[PDB]
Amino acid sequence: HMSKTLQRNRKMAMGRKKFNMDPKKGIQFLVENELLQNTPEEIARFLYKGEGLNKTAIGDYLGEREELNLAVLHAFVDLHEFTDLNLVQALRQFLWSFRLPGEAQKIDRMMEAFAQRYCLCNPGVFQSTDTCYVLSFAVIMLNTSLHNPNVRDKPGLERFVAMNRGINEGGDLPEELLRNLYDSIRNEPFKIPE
């Protein structure tokens, strides 16, 4: 239906613009105009694809405490494919995905969901999802330490290895795994989406 399709393609683009201004209103427009199905899985797919979507607005929507938004956050994490990625590669991708909001409880929630998904995708690498979470923040801290020129006590490989001793349910992670994470960060800082 040529006319109906052209009108809907234009409304889709209007809904994207409205989302960037106010994510609740944007989603409402798309839903009420039958351009997006009001399900956690469809809204998450929309946000994951992110065509013409402001990443700060994506993150604001994903970090809300409401029922639907929590379910969207879960579904959005489910769309990330972390299989055979090292923790740093997985992180880069997730963090580029949307702009993490500044609130601590939002961060916690989002990184827990990340950690769960990384472990699911890579069974047996970490003994627990707590190991994964802790090492994720180890990696984030390393990114600041190494790459913020104001930090002058920069951890070398040996010290970073030592900082993580006993993390894996009492065991130490393979030295080669920690070195590879270290090298990845040292080589390429995380990119923030602004």
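One rule holds for the numbers: they count along the sequence shown, beginning at 1. Take the two forms, superpose them, and find the largest set of C-alpha atoms that agree within 1.5 Å; that set is the rigid core.
**Student:** So if we fit everything on the core, which stretch drifts more in 5 other deposited structures of this protein, 180-188 or 7-15, C-alphas only?
**Tutor:** Farther on average in 5 other deposited structures of this protein: 7-15.
**Student:** Hey, after superposing on the core, which one moves around more in 5 other deposited structures of this protein, 37-45 or 139-147, CA-wise?
**Tutor:** Result of the core-fitted comparison in 5 other deposited structures of this protein: 139-147 deviates more.
**Student:** Look over 133-141 and 64-72 in the entry and identify the one with the greater average Cα temperature factor.
**Tutor:** Comparing 133-141 with 64-72, the higher mean C-alpha B-factor belongs to 64-72.
**Student:** Can you tell me which stretch has the higher mean Cα B-factor, 165-173 or 41-49?
**Tutor:** The stretch with the larger mean CA B-factor is 165-173.
**Student:** Where does the C-alpha B-factor of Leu35 rank in its chain, lowest, middle or highest third?
**Tutor:** Highest third of the chain for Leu35's C-alpha B-factor.
**Student:** Name the third of the chain's ranked CA B-factors that contains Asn148, choosing lowest, middle or highest.
**Tutor:** Bottom third by C-alpha B-factor.
**Student:** Classify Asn187 as lowest, middle or highest third according to the C-alpha B-factor given in the PDB entry, relative to its own chain.
**Tutor:** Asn187: CA B-factor falls in the highest third of its chain.
**Student:** Can you work out whether the C-alpha temperature factor of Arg10 puts it in the lowest, middle or highest third of the chain?
**Tutor:** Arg10: CA B-factor falls in the lowest third of its chain.
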